[PDB]
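Because the Cβ atoms are built from the backbone with ideal geometry, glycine has one as well, and the counts that use them run over all protein chains shown. FYI, it's all coordinate maths here, none of it is from the lab.
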């Protein structure tokens, strides 16, 4: 029962902190920003089963 | 699980616009009539619990019970039909997209096939 | 899981001593777990009393496992039928009789023989037929 | 020896935990908690978390104050127990210290110990990053984003604290 | 407790559950659980008794340990993956710890010891809230993380829950403890299908919530917390005890009542995955719940127990407060089987 | 004769 | 994983064992809960600092806030228990059974 | 009244005033307490509740005419006077039913005081009912187990309600009470033994008067002093009982008490505790028969306002 | 002596119904220990956690 | 009333699994079943053997 | 009514039921394959959204 | 009720009570 | 008959009106929705 109210109403209540590659203050990069970005881009829209 | 992650599913939407293609549930559907019967039973039980005349008291309240149950049942039936139709649509699409996994089988008449006879003696 | 792998790896009806040792290890482990739960839930008055209860439960479980494995393997050897569930049934009834002896009660012995033997025969049948107690989700 | 300040502090942390976990009288367990909080502050400062560590020390220093007062009021005993006043407390303390010493020597000597996860004995200095943060304290900038990015966390935490005050009042009403 | 404060605390509990069911970040889900605990503790002690305080303390301790374990699991998953999102859990030890914590929150055996004590200590209304609403958040979190769950651990906990919930209830003469053990058994039923199909868990949760609401509201209407107190109800309000008998039969799972459909669909789904021994054992063990349900029914409605003289005064007066949703709850709990195919709406 | 209904002794067992 | 992670996880395990193994007083078990919270803070802070997860350096502070909320709840319950029984001993929470 | 009303700001404290008080005039049998209670209610402008009887609940429910003894009470005071030690158990049935009636009357008086703010004068109360029980037990009319059941019911129930502010005890010596009983001429009353009245007086003075005096002040008047009702009202008017519960009570406790008092069934919930004493335990068959008879009584089949037999109309839309 | 009593009224009842009911009753007495001590069943939580960690990885 | 109760109700309450009771129960309950199994199984197996060997007469046995 | 009515109705009922049985088995197979592979609309478990990632120039070049 | 048949008598008092219940002499019973 | 006025007494005409009107509105809304959906189905599927 994950009512995606955030996605329905376009509210970024908590997704901003979900990943290390998201926007951070003063564009401070994460220690693994490149790897996280590559992994997220690879596993986007293909489903968890495939992405695994 | 299953249909929860279906691509294109808008969150917290009871009936997608795609469902409108499907025929609406008929207002004489047996399922909707049973929902109305449940509403009537609810009204009778309410009267019994409050110690009112069971079958004659509160006709407005019983009418509200029946109408609310039928009203919710109509949409519930529509959503159920939409979900089953989505299941069938996806199943047929998957069968078409994966011919090898669902191969056509050679049809052998009973004359050709050999089935052992077990005598009941 | 290593103990279960040890019991399974020995071929049925062969190396009866090793099979009995594996069954004894399994029984001892189960007895130790039961003793831990008993000590926690029902506290023992003294450390010596707790040790006595642990020893009693562990020995009963180990004796049950050893008798089951020994009788099952010996029956498989003598009958020479390795995959028959009747061997497991005989082992289970022997284990139930051992439990009755340890509890010093005939009724416990007979009820245990019936139920435990039937369960062991069912386990052997599950081995043969591939029955899954826990099934991987496949839908 | 200064090459492994972090390990020494973490061992002191585990010892403090073995102290307050063996459950002496709440006073000496509070002593253990204070010592562990200070050592954790040391570790976090060694990793670059000065604000976070100091905040933990400050918050636990105040928290253990109320615990000390409560103890002298409710959790009081005529002969308060030290880690050498009962065979159970001393048993727990000795077992905890021995378990530490065991894993400590095991991992330090063995190249790769694996208790439940896999741990490498190489000093913590290895993992540290070679980048530069410039004119900034990344911990401070991240902790300050609670007001610019974490409006939702601020809302939730503020409501939780107000409801906590209400909850304490109701739980202590006592009818 | 001032009614405004009570409304605020109940809204806080519901908001914590909503945060659990609405957040994609592990930290916020844990925050929702913590808010639920904070709000719930005063609610359980709305009536001040030593028993209420004992129940609140036990509940607080168990839920705090569960929350600490859940946070440790979250931190371990972060250490090994760097992800805060609720999704597949990338470390098996973290998954085991998280399953243990969520089971403890749900009261799944071998973490069931607190449920009957807490339920007995608190009032019938606090019991209703504890056994219906509180179950929602951990089940939601388990449903979201169902894929990562090791099926063996969840199934072991479910089977143990069924067995224990059945066994303990046989020995109970207190209605609240009976309800607690039946809740344990039904929760074991719900978690059994979590590895296989989550929609079945949702359907069982809904049917169980309807039945438990009906039962608790009926007990509140009869003001009975023991079997003997419920026995007198036939003299004052027979209809209540008759509907209780019907609801108990539904809870036992007897066809054609609505309690049958959740067991039916769980068995079907388990069988599709080649699970045959587990469904058979679960169905057979459900008979004990049926046994103590039938004993309660015998005491309440089927047989007329001796009353007391002072009940004659109670005959004259009528129940002041009306629970509006009770009749619909009874009807749904008992007469919804002919409408099972509608289990694709929540789908 | 009348249908047996629980006595005080029967009730006390519960 | 470096050894400091080992030590901190060991501290959490020890605190959990302490909480699950009560002796007499309730205050000691609440202190074990607070110790578990401290260990969790240290682990989270170390992870977030080593991985330079800047927007996650606030999570430890929220964890501490809710840890203190939990501590306040525990003490407010302990006070009522002491009032009703005269001691914080856990053996007095015995009215509810099973 | 409801929680929503309290949220809106319906507060009991504002309605209560100095007049708002619960006055209980107690005394031995034929002590003249009724006359003084009526005079006090009239002079102080307080509602007067006549002493609870077997059929008080009948007075408060339905038509208000007394119902048959079988349907309401299953006890006779005349039977108690004629046969104090009957094997039927009539003595303790009467005592428990009277305690239930007095509990209901106290609940109704508190509801009146908290809803309208007018004071209430009561002839005896749930706090004084134990006097008769102790006399019965001392004289052997009732067993010890009956006393224990009465104690359990009183302990569970009486604690919830607030005690009266003013207790007025009219004291008449027992022999004069015997002469009064003879003069009144009721045949059943004449059989009352002197020891029973003496034990009533002993219970009152030894236990009730001291316990009541602890909470607040008790005005003890002799029969001659009681006759001067104006002097009693003046004494009441110049009482200052700052000590006691009512000054402590605030709006929250008043909301709880008003909610309790409004729900009569909740008030009487523990009067039916499942303690199977032979005196007060009714068998299943007799219970079913009597309940069916009660249901057949006019105006009792359905909830009030829905009984067509007694002239209710518009049930279909009601 | 045999069909009516030894089998129908004694042995069949003992085999299927009575024995199962007795086992269930004993298990119910075990589960409902009626001790309700936090110290006792919280230890069981520790045992369960350790056993889970070992058995289920 | 006593005769009927003793002949129906009192039996199990005043029964104790004993050597005589257990052995007699075993013999008279399961013994006959295995005797009849032996008999019928042997007869049926012989009949099946004869049918297989084509050495049984069913010339007009057309109603089974 | 005549036997032809029942004959034809039995034929229709049989066709409907056989189609339903075949569809049920097909659905079972399809669900199994989708769950094993994850290549279909069903059993598509969530993954992190690539929109969340920030591609703006960072503080340090090597990112 | 005591009139109903009961367990096997072991004490002599139980034998006398059984004989009284069955309307028999104690020696005969 | 009753000395205390019945709590229900005479019908609550506001309550009765609101109940009946809500029922009527729900039924009218359902009928309009059914007609609209039938039109949409025929339109999209010809």
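Here are some notes:
- Flag: residue E:35 does not match the condition of being closer than 18 Å to residue G:19 by Cα and within 12 Å of chain D (Cβ to nearest Cβ).
- Candidates K:47, K:60, filtered to the one that is surrounded by 10 or more Cβ atoms within 10 Å (Cβ to Cβ), without any contact (Cβ under 8 Å) to a residue 24 or more places away in the chain, out of contact with any helix residue (DSSP H, G or I) (no Cβ under 9 Å at 6 or more places or on another chain) and facing chain A (nearest Cβ under 9 Å): K:60
- Of the residues making up the stretch E:291-347, those that are in a helix (DSSP H, G or I), surrounded by fewer than 18 Cβ atoms within 10 Å (Cβ to Cβ) and more than 8 Å from chain B (Cβ to nearest Cβ) number 6.
- Flag for residue E:109 being in contact (Cβ under 8 Å) with a residue 12 or more places away in the chain, outside any helix (DSSP H, G or I), under 18 Å from residue E:182 (Cβ atoms) and touching a helix residue (DSSP H, G or I) at 6+ places or on another chain (Cβ under 7 Å): yes
For every residue, the table says whether it meets (1) free of Cβ contacts under 8 Å to residues at least 12 places away in the same chain; (2) at the interface with chain D (Cβ under 7 Å from one of its Cβ atoms); (3) crowded, with 23+ Cβ neighbours inside 10 Å.
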| residue | (1), (2), (3) |
| --- | --- |
| G:31 | yes, yes, yes |
| G:46 | no, yes, yes |
| G:50 | yes, yes, no |
| G:91 | no, no, no |
| G:94 | yes, no, no |
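- Set side by side, the residues B:80, B:62 differ, and just one is more than 8 Å from every other protein chain (Cβ to nearest Cβ) and either free of Cβ contacts under 8 Å to residues at least 60 places away in the same chain or under 30 Å from residue E:321 (Cβ atoms) (or both), which is B:62.
- Test: residue in the stretch G:76-88 that is out of contact with any helix residue (DSSP H, G or I) (no Cβ under 6 Å at 6 or more places or on another chain), over 30 Å from residue D:132 (Cβ atoms) and more than 7 Å from every other protein chain (Cβ to nearest Cβ): yes
- Check on residue D:163, touching a helix residue (DSSP H, G or I) at 6+ places or on another chain (Cβ under 7 Å), more than 8 Å from chain G (Cβ to nearest Cβ), without any contact (Cβ under 8 Å) to a residue 24 or more places away in the chain and buried (at least 19 other Cβ atoms within 10 Å of the Cβ): yes
- A single entry from E:161, E:123, E:182, E:146 fulfils the requirement of being away from chain G (no Cβ under 11 Å), in contact (Cβ under 8 Å) with a residue 40 or more places away in the chain, closer than 21 Å to residue E:203 by Cα and surrounded by fewer than 24 Cβ atoms within 10 Å (Cβ to Cβ): E:146.
- Filter result for residue H:146 (farther than 27 Å from residue H:232 by Cβ and surrounded by fewer than 18 Cβ atoms within 10 Å (Cβ to Cβ)): no
- Residue count for the stretch D:42-57 under the criterion of being more than 7 Å from chain G (Cβ to nearest Cβ) and under 29 Å from residue G:22 (Cβ atoms): the result is 1.
- Tally, over the stretch G:1-29, of residues that are in contact with a strand residue (DSSP E or B) (Cβ under 8 Å, 6 or more places away or on another chain) and either assigned to a helix (DSSP H, G or I) or surrounded by fewer than 24 Cβ atoms within 10 Å (Cβ to Cβ) (or both): 7
- Selection status of residue D:18, part of a helix (DSSP H, G or I), out of contact with any helix residue (DSSP H, G or I) (no Cβ under 6 Å at 6 or more places or on another chain) and more than 30 Å from residue D:138 (Cβ to Cβ): no
- Residue match in the stretch E:12-21 (condition: free of Cβ contacts under 8 Å to residues at least 12 places away in the same chain, more than 11 Å from chain D (Cβ to nearest Cβ), surrounded by fewer than 17 Cβ atoms within 10 Å (Cβ to Cβ) and in a helix (DSSP H, G or I)): no
- Residue within the stretch E:171-178 that is within 14 Å of chain H (Cβ to nearest Cβ), in a loop (DSSP other than H, G, I, E, B) and touching a helix residue (DSSP H, G or I) at 6+ places or on another chain (Cβ under 7 Å) present: yes
- Any hit, the stretch B:84-99, residues being without any contact (Cβ under 8 Å) to a residue 60 or more places away in the chain and part of a loop (DSSP other than H, G, I, E, B): yes
- A single member of H:111, H:10, H:18, H:51 is part of a loop (DSSP other than H, G, I, E, B), surrounded by fewer than 23 Cβ atoms within 10 Å (Cβ to Cβ) and under 16 Å from the mean Cα position of the chain (by Cα), and it is H:51.
- Residue I:33 falls short on exactly one of the conditions (1) touching a helix residue (DSSP H, G or I) at 6+ places or on another chain (Cβ under 9 Å); (2) assigned to a helix (DSSP H, G or I); (3) closer than 24 Å to residue C:44 by Cβ, and that condition is (2).
- Among the numbered conditions (1) within 25 Å of residue H:2 (Cα to Cα); (2) part of a loop (DSSP other than H, G, I, E, B), the only one that residue H:63 does not meet is (1).
- Subset of the stretch E:118-150 [over 17 Å from residue E:193 (Cβ atoms), assigned to a helix (DSSP H, G or I) and out of contact with any helix residue (DSSP H, G or I) (no Cβ under 6 Å at 6 or more places or on another chain)]: E:125, E:129, E:130, E:133
- Flag for residue E:251 being crowded, with 22+ Cβ neighbours inside 10 Å, away from every other protein chain (no Cβ under 11 Å), more than 29 Å from residue H:276 (Cα to Cα) and touching a residue at least 40 places away in the same chain (Cβ under 8 Å): yes
- Of all residues in the stretch H:270-318, those that are away from chain M (no Cβ under 14 Å), touching a residue at least 12 places away in the same chain (Cβ under 8 Å) and part of a loop (DSSP other than H, G, I, E, B) total 6.
- Residues of the stretch B:12-24 that are more than 8 Å from every other protein chain (Cβ to nearest Cβ) and either surrounded by 13 or more Cβ atoms within 10 Å (Cβ to Cβ) or within 19 Å of residue M:27 (Cβ to Cβ) (or both): B:15, B:16, B:18, B:19.
- Selected residue [part of a helix (DSSP H, G or I), surrounded by fewer than 22 Cβ atoms within 10 Å (Cβ to Cβ) and within 14 Å of chain H (Cβ to nearest Cβ)] from E:153, E:228, E:219, E:206: E:228
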